[PDB]
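For reference, the structure is listed below as structure tokens.
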2 protein chains.
Amino acid sequence: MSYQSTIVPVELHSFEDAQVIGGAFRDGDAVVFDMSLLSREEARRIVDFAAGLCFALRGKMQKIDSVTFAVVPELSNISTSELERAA
Amino acid sequence: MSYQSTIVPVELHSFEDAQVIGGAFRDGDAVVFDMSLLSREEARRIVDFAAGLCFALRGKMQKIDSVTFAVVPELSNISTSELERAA
Ligand SMILES: [Zn+2]
Ligand SMILES: [Zn+2]
Ligand SMILES: [Zn+2]
Ligand SMILES: [Zn+2]
Ligand SMILES: [Zn+2]
Ligand SMILES: [Zn+2]
């Protein structure tokens, strides 16, 4: 999309995958992350890291479904349907 | 200090503290936080949120002692002694 930004759909495997969300989101991309392969404890760690990542850059965090969340950059205008489609 | 930065010392009581650490760090302040009064689960949540803040803004997370951590902004030159003094 315009201004070097896209939606990165990723599948998480463990807490080290916090860096995958981090790398893309810090570079101005929205990230839609699937936590289906994580334990509830691992998923809580990812969501807390993602909340930190989002707060630092004035982004928005949203829950797509039971296992999928998204981090959206500050000046981005991405609807839930677009994040849902990317998921 | 220069460019709207300081050291903010905080005794933490809950995960509600994440937005307080976040609010100050995102503006370029170093934050030194004592987690002695948190459960082990709450302390892990704070550290995961703080790792997300650090990643987003290229900051440094430093363990001061068993219960005290600090988040230092990217271009800040704060020693361990200064963070220890503020704690
Ligand atoms: Zn494009
Ligand atoms: Zn991995
Ligand atoms: Zn000052
Ligand atoms: Zn300041
Ligand atoms: Zn408190
Ligand atoms: Zn309590």
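Each chain of the structure tokens is named A, B, ... in the order shown, its residues numbered from 1; ligands are numbered from 1 in display order.
Residues of protein, DNA or RNA having any atom at most 9 Å from ligand 3, counting only C-alpha atoms and all ligand atoms, are residues 1, 2, 3, 4, 5 and 6 of chain B.
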Preceding selection exported with N, CA and C atoms as a compact mmCIF listing (two decimals), in the first residue's frame:
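What landed in selection.txt:
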# COMPACT_ATOMS: atom_id res chain seq x y z
N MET B 1 16.58 16.25 32.00
CA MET B 1 17.70 16.24 31.05
C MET B 1 17.24 16.77 29.68
N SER B 2 18.19 16.90 28.73
CA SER B 2 17.97 17.39 27.38
C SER B 2 16.94 16.55 26.63
N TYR B 3 16.22 17.19 25.69
CA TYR B 3 15.22 16.57 24.83
C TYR B 3 14.08 15.90 25.58
N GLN B 4 13.56 16.58 26.61
CA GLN B 4 12.42 16.13 27.40
C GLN B 4 12.60 14.75 28.04
N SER B 5 13.83 14.38 28.47
CA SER B 5 14.10 13.07 29.11
C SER B 5 14.46 13.20 30.60
N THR B 6 14.13 12.16 31.44
CA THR B 6 14.48 12.05 32.88
C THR B 6 14.51 10.56 33.29
Subject >> Per-residue DSSP, chain A, filtered to helix (DSSP H, G or I), as a ChimeraX atom specification >> reply: /A:15-26,40-56,80-86
Using N, CA and C atoms, can you export the residues from the last selection as a short mmCIF file (atom, residue, chain, number, x, y, z; two decimals), in the first residue's frame?
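Full text of result_1.cif as output:
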data_model
loop_
_atom_site.label_atom_id
_atom_site.label_comp_id
_atom_site.auth_asym_id
_atom_site.auth_seq_id
_atom_site.Cartn_x
_atom_site.Cartn_y
_atom_site.Cartn_z
N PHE A 15 7.18 -17.86 21.92
CA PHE A 15 7.41 -16.47 22.33
C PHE A 15 8.52 -15.79 21.55
N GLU A 16 9.54 -16.51 21.03
CA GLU A 16 10.57 -15.81 20.22
C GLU A 16 9.97 -15.14 18.97
N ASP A 17 8.73 -15.53 18.59
CA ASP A 17 8.08 -14.97 17.40
C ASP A 17 7.52 -13.57 17.66
N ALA A 18 7.64 -13.06 18.91
CA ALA A 18 7.35 -11.67 19.27
C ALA A 18 8.19 -10.74 18.33
N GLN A 19 9.42 -11.15 18.00
CA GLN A 19 10.33 -10.39 17.11
C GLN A 19 9.75 -10.24 15.68
N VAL A 20 9.00 -11.25 15.21
CA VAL A 20 8.42 -11.23 13.86
C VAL A 20 7.38 -10.10 13.78
N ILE A 21 6.49 -10.05 14.80
CA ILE A 21 5.46 -8.99 14.92
C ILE A 21 6.18 -7.67 15.05
N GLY A 22 7.16 -7.64 15.95
CA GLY A 22 7.94 -6.45 16.24
C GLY A 22 8.62 -5.86 15.02
N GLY A 23 9.37 -6.69 14.29
CA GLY A 23 10.10 -6.24 13.10
C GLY A 23 9.23 -5.56 12.05
N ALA A 24 8.09 -6.18 11.74
CA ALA A 24 7.16 -5.65 10.74
C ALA A 24 6.44 -4.40 11.23
N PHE A 25 5.92 -4.44 12.45
CA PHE A 25 5.14 -3.33 12.99
C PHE A 25 5.99 -2.08 13.22
N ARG A 26 7.22 -2.26 13.72
CA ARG A 26 8.15 -1.13 13.92
C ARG A 26 8.51 -0.48 12.57
N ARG A 40 -2.00 -21.18 26.14
CA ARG A 40 -2.63 -19.94 26.64
C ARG A 40 -1.60 -19.03 27.31
N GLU A 41 -0.60 -19.61 28.00
CA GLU A 41 0.48 -18.83 28.63
C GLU A 41 1.32 -18.12 27.54
N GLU A 42 1.73 -18.85 26.48
CA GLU A 42 2.52 -18.26 25.39
C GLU A 42 1.76 -17.14 24.70
N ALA A 43 0.45 -17.37 24.45
CA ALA A 43 -0.41 -16.36 23.81
C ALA A 43 -0.51 -15.10 24.67
N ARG A 44 -0.60 -15.24 26.00
CA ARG A 44 -0.65 -14.07 26.92
C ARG A 44 0.66 -13.27 26.83
N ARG A 45 1.80 -13.98 26.78
CA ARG A 45 3.10 -13.30 26.65
C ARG A 45 3.18 -12.49 25.34
N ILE A 46 2.72 -13.10 24.23
CA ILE A 46 2.74 -12.42 22.92
C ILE A 46 1.84 -11.18 22.96
N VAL A 47 0.63 -11.31 23.49
CA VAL A 47 -0.31 -10.18 23.58
C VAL A 47 0.27 -9.04 24.45
N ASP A 48 0.96 -9.39 25.56
CA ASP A 48 1.57 -8.36 26.42
C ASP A 48 2.72 -7.68 25.69
N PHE A 49 3.57 -8.46 24.98
CA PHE A 49 4.67 -7.87 24.19
C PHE A 49 4.07 -6.96 23.11
N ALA A 50 3.03 -7.45 22.39
CA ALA A 50 2.37 -6.70 21.32
C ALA A 50 1.70 -5.44 21.82
N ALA A 51 1.17 -5.44 23.05
CA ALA A 51 0.56 -4.25 23.65
C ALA A 51 1.67 -3.22 23.89
N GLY A 52 2.85 -3.67 24.32
CA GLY A 52 4.00 -2.79 24.54
C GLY A 52 4.49 -2.18 23.25
N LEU A 53 4.61 -3.01 22.23
CA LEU A 53 5.05 -2.62 20.90
C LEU A 53 4.09 -1.55 20.32
N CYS A 54 2.79 -1.76 20.49
CA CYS A 54 1.72 -0.92 20.04
C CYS A 54 1.65 0.42 20.82
N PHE A 55 1.78 0.37 22.13
CA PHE A 55 1.75 1.55 22.96
C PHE A 55 2.92 2.48 22.61
N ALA A 56 4.12 1.92 22.46
CA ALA A 56 5.32 2.69 22.14
C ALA A 56 5.19 3.49 20.85
N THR A 80 -11.50 -3.71 9.88
CA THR A 80 -11.52 -5.06 10.44
C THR A 80 -11.67 -6.07 9.30
N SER A 81 -12.47 -5.75 8.26
CA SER A 81 -12.69 -6.62 7.10
C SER A 81 -11.39 -6.91 6.33
N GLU A 82 -10.53 -5.89 6.17
CA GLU A 82 -9.23 -6.00 5.49
C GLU A 82 -8.27 -6.88 6.30
N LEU A 83 -8.24 -6.69 7.63
CA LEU A 83 -7.43 -7.50 8.54
C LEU A 83 -7.96 -8.93 8.54
N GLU A 84 -9.31 -9.10 8.49
CA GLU A 84 -10.01 -10.40 8.43
C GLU A 84 -9.65 -11.14 7.15
N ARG A 85 -9.63 -10.41 6.01
CA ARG A 85 -9.29 -10.95 4.70
C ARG A 85 -7.84 -11.45 4.69
N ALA A 86 -6.91 -10.63 5.22
CA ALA A 86 -5.49 -10.97 5.30
C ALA A 86 -5.25 -12.20 6.17
#
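Comparing B:67, B:57, B:37, B:31 by their smallest distance to chain A, the closest is B:57 (using only C-alpha atoms).
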How would chain B read as a PDB file with C-alpha atoms, in the first residue's frame once least-squares superposed on chain A using all paired C-alpha atoms?
ATOM      1  CA  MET B   1       0.744   0.414   0.406  1.00  0.00           C
ATOM      2  CA  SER B   2       2.068   4.022   0.724  1.00  0.00           C
ATOM      3  CA  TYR B   3       4.981   4.873   3.077  1.00  0.00           C
ATOM      4  CA  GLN B   4       6.481   1.349   3.137  1.00  0.00           C
ATOM      5  CA  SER B   5       3.356  -0.245   4.823  1.00  0.00           C
ATOM      6  CA  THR B   6       1.480  -3.631   4.193  1.00  0.00           C
ATOM      7  CA  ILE B   7      -0.452  -6.331   6.167  1.00  0.00           C
ATOM      8  CA  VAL B   8       1.814  -9.188   7.336  1.00  0.00           C
ATOM      9  CA  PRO B   9      -0.154 -12.392   8.267  1.00  0.00           C
ATOM     10  CA  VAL B  10       1.658 -14.767  10.699  1.00  0.00           C
ATOM     11  CA  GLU B  11       0.731 -18.170  12.178  1.00  0.00           C
ATOM     12  CA  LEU B  12       2.623 -18.068  15.524  1.00  0.00           C
ATOM     13  CA  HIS B  13       4.600 -20.987  16.999  1.00  0.00           C
ATOM     14  CA  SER B  14       6.591 -19.434  19.900  1.00  0.00           C
ATOM     15  CA  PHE B  15       7.603 -16.291  21.745  1.00  0.00           C
ATOM     16  CA  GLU B  16      10.400 -16.056  19.030  1.00  0.00           C
ATOM     17  CA  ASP B  17       7.551 -14.652  16.894  1.00  0.00           C
ATOM     18  CA  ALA B  18       7.510 -11.439  18.976  1.00  0.00           C
ATOM     19  CA  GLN B  19      10.572 -10.029  17.142  1.00  0.00           C
ATOM     20  CA  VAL B  20       8.921 -10.939  13.737  1.00  0.00           C
ATOM     21  CA  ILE B  21       5.629  -9.047  14.637  1.00  0.00           C
ATOM     22  CA  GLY B  22       7.813  -6.328  16.155  1.00  0.00           C
ATOM     23  CA  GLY B  23      10.150  -6.055  13.166  1.00  0.00           C
ATOM     24  CA  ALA B  24       7.290  -5.535  10.694  1.00  0.00           C
ATOM     25  CA  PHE B  25       5.048  -3.321  12.930  1.00  0.00           C
ATOM     26  CA  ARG B  26       7.883  -0.974  13.929  1.00  0.00           C
ATOM     27  CA  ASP B  27       8.371  -0.247  10.201  1.00  0.00           C
ATOM     28  CA  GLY B  28       4.755   0.712   9.742  1.00  0.00           C
ATOM     29  CA  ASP B  29       3.217  -2.624   8.660  1.00  0.00           C
ATOM     30  CA  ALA B  30      -0.006  -3.954  10.191  1.00  0.00           C
ATOM     31  CA  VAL B  31       0.450  -7.506  11.505  1.00  0.00           C
ATOM     32  CA  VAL B  32      -2.357 -10.053  11.877  1.00  0.00           C
ATOM     33  CA  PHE B  33      -1.318 -12.990  14.007  1.00  0.00           C
ATOM     34  CA  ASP B  34      -3.007 -16.363  14.647  1.00  0.00           C
ATOM     35  CA  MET B  35      -2.192 -17.812  18.113  1.00  0.00           C
ATOM     36  CA  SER B  36      -4.121 -21.130  17.759  1.00  0.00           C
ATOM     37  CA  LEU B  37      -0.855 -23.193  18.010  1.00  0.00           C
ATOM     38  CA  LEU B  38       0.444 -21.406  21.116  1.00  0.00           C
ATOM     39  CA  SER B  39      -0.037 -22.442  24.716  1.00  0.00           C
ATOM     40  CA  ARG B  40      -2.203 -19.980  26.766  1.00  0.00           C
ATOM     41  CA  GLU B  41       1.021 -18.786  28.492  1.00  0.00           C
ATOM     42  CA  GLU B  42       2.793 -18.161  25.106  1.00  0.00           C
ATOM     43  CA  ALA B  43      -0.275 -16.333  23.743  1.00  0.00           C
ATOM     44  CA  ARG B  44      -0.330 -14.046  26.854  1.00  0.00           C
ATOM     45  CA  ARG B  45       3.414 -13.252  26.354  1.00  0.00           C
ATOM     46  CA  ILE B  46       2.815 -12.336  22.664  1.00  0.00           C
ATOM     47  CA  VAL B  47      -0.179 -10.106  23.534  1.00  0.00           C
ATOM     48  CA  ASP B  48       1.819  -8.342  26.323  1.00  0.00           C
ATOM     49  CA  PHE B  49       4.780  -7.774  23.955  1.00  0.00           C
ATOM     50  CA  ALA B  50       2.364  -6.540  21.246  1.00  0.00           C
ATOM     51  CA  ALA B  51       0.685  -4.135  23.760  1.00  0.00           C
ATOM     52  CA  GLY B  52       4.194  -2.686  24.406  1.00  0.00           C
ATOM     53  CA  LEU B  53       4.775  -2.279  20.628  1.00  0.00           C
ATOM     54  CA  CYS B  54       1.381  -0.541  20.305  1.00  0.00           C
ATOM     55  CA  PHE B  55       1.919   1.770  23.232  1.00  0.00           C
ATOM     56  CA  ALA B  56       5.363   2.846  21.969  1.00  0.00           C
ATOM     57  CA  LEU B  57       4.167   3.716  18.467  1.00  0.00           C
ATOM     58  CA  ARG B  58       0.588   4.840  19.280  1.00  0.00           C
ATOM     59  CA  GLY B  59      -0.797   1.855  17.353  1.00  0.00           C
ATOM     60  CA  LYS B  60      -4.091   0.013  17.811  1.00  0.00           C
ATOM     61  CA  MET B  61      -4.455  -3.573  18.964  1.00  0.00           C
ATOM     62  CA  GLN B  62      -7.548  -5.305  17.700  1.00  0.00           C
ATOM     63  CA  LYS B  63      -8.945  -8.700  18.669  1.00  0.00           C
ATOM     64  CA  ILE B  64     -10.194 -10.314  15.390  1.00  0.00           C
ATOM     65  CA  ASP B  65     -11.413 -13.573  17.019  1.00  0.00           C
ATOM     66  CA  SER B  66     -10.667 -15.850  20.032  1.00  0.00           C
ATOM     67  CA  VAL B  67      -7.180 -16.703  18.607  1.00  0.00           C
ATOM     68  CA  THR B  68      -6.422 -13.829  16.191  1.00  0.00           C
ATOM     69  CA  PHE B  69      -5.203 -10.332  17.046  1.00  0.00           C
ATOM     70  CA  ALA B  70      -3.858  -7.509  14.913  1.00  0.00           C
ATOM     71  CA  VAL B  71      -1.505  -4.582  15.573  1.00  0.00           C
ATOM     72  CA  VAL B  72      -2.339  -1.593  13.328  1.00  0.00           C
ATOM     73  CA  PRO B  73      -0.039   1.450  12.926  1.00  0.00           C
ATOM     74  CA  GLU B  74      -1.191   4.874  14.221  1.00  0.00           C
ATOM     75  CA  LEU B  75      -1.897   6.545  10.854  1.00  0.00           C
ATOM     76  CA  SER B  76      -3.197   3.398   9.085  1.00  0.00           C
ATOM     77  CA  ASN B  77      -6.852   3.111   8.006  1.00  0.00           C
ATOM     78  CA  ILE B  78      -7.253  -0.697   7.847  1.00  0.00           C
ATOM     79  CA  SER B  79     -10.749  -2.163   8.348  1.00  0.00           C
ATOM     80  CA  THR B  80     -11.542  -5.387  10.287  1.00  0.00           C
ATOM     81  CA  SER B  81     -12.598  -7.047   6.947  1.00  0.00           C
ATOM     82  CA  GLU B  82      -9.113  -6.375   5.412  1.00  0.00           C
ATOM     83  CA  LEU B  83      -7.333  -7.773   8.515  1.00  0.00           C
ATOM     84  CA  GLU B  84      -9.848 -10.741   8.444  1.00  0.00           C
ATOM     85  CA  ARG B  85      -9.063 -11.335   4.707  1.00  0.00           C
ATOM     86  CA  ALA B  86      -5.274 -11.237   5.348  1.00  0.00           C
ATOM     87  CA  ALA B  87      -5.770 -13.730   8.271  1.00  0.00           C
TER      88      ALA B  87
END
Can you list, as a compact mmCIF listing (two decimals) with N, CA, C and O atoms, in the first residue's frame, all residues belonging to chain B that DSSP tags as strand (DSSP E or B)?
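Saved to states.txt:
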# COMPACT_ATOMS: atom_id res chain seq x y z
N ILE B 7 14.73 10.24 34.57
CA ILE B 7 14.59 8.87 35.07
C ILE B 7 13.33 8.87 35.93
O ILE B 7 13.23 9.67 36.88
N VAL B 8 12.36 8.01 35.61
CA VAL B 8 11.13 7.90 36.40
C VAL B 8 11.22 6.62 37.26
O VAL B 8 11.21 5.52 36.70
N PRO B 9 11.31 6.72 38.60
CA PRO B 9 11.31 5.50 39.44
C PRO B 9 9.87 5.10 39.82
O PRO B 9 9.09 5.94 40.26
N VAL B 10 9.52 3.81 39.67
CA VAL B 10 8.15 3.36 40.00
C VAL B 10 8.17 2.05 40.79
O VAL B 10 8.73 1.05 40.31
N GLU B 11 7.47 2.03 41.95
CA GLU B 11 7.20 0.80 42.68
C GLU B 11 5.92 0.26 42.02
O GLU B 11 4.90 0.95 42.08
N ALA B 30 13.86 7.40 30.85
CA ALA B 30 14.25 6.07 31.32
C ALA B 30 13.31 5.77 32.48
O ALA B 30 12.87 6.69 33.17
N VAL B 31 12.94 4.51 32.66
CA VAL B 31 12.06 4.12 33.76
C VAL B 31 12.72 3.00 34.53
O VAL B 31 13.13 2.01 33.93
N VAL B 32 12.82 3.14 35.84
CA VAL B 32 13.37 2.09 36.70
C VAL B 32 12.21 1.60 37.56
O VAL B 32 11.56 2.38 38.26
N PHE B 33 11.90 0.31 37.44
CA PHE B 33 10.74 -0.21 38.11
C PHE B 33 11.03 -1.39 39.04
O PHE B 33 11.72 -2.33 38.65
N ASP B 34 10.52 -1.29 40.27
CA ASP B 34 10.66 -2.29 41.32
C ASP B 34 9.42 -3.18 41.29
O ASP B 34 8.30 -2.69 41.42
N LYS B 60 16.94 -0.12 25.54
CA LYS B 60 17.71 -1.17 26.21
C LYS B 60 17.03 -1.53 27.51
O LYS B 60 16.64 -0.64 28.28
N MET B 61 16.85 -2.83 27.75
CA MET B 61 16.26 -3.28 29.00
C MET B 61 17.36 -3.88 29.83
O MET B 61 18.15 -4.69 29.36
N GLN B 62 17.48 -3.38 31.05
CA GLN B 62 18.55 -3.74 31.95
C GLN B 62 17.99 -4.30 33.24
O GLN B 62 17.09 -3.70 33.83
N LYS B 63 18.52 -5.45 33.69
CA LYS B 63 18.13 -6.01 34.96
C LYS B 63 19.09 -5.36 35.97
O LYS B 63 20.30 -5.44 35.78
N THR B 68 14.33 -5.56 40.20
CA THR B 68 14.36 -4.24 39.59
C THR B 68 14.92 -4.26 38.19
O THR B 68 16.03 -4.74 37.99
N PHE B 69 14.16 -3.73 37.24
CA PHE B 69 14.55 -3.63 35.84
C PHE B 69 14.44 -2.17 35.44
O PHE B 69 13.77 -1.38 36.10
N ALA B 70 15.11 -1.82 34.35
CA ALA B 70 15.04 -0.49 33.79
C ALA B 70 14.87 -0.59 32.29
O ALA B 70 15.35 -1.55 31.67
N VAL B 71 14.17 0.40 31.71
CA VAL B 71 14.04 0.55 30.26
C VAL B 71 14.73 1.89 29.96
O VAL B 71 14.43 2.88 30.62
N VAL B 72 15.73 1.87 29.09
CA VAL B 72 16.55 3.05 28.78
C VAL B 72 16.36 3.40 27.31
O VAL B 72 16.52 2.52 26.45
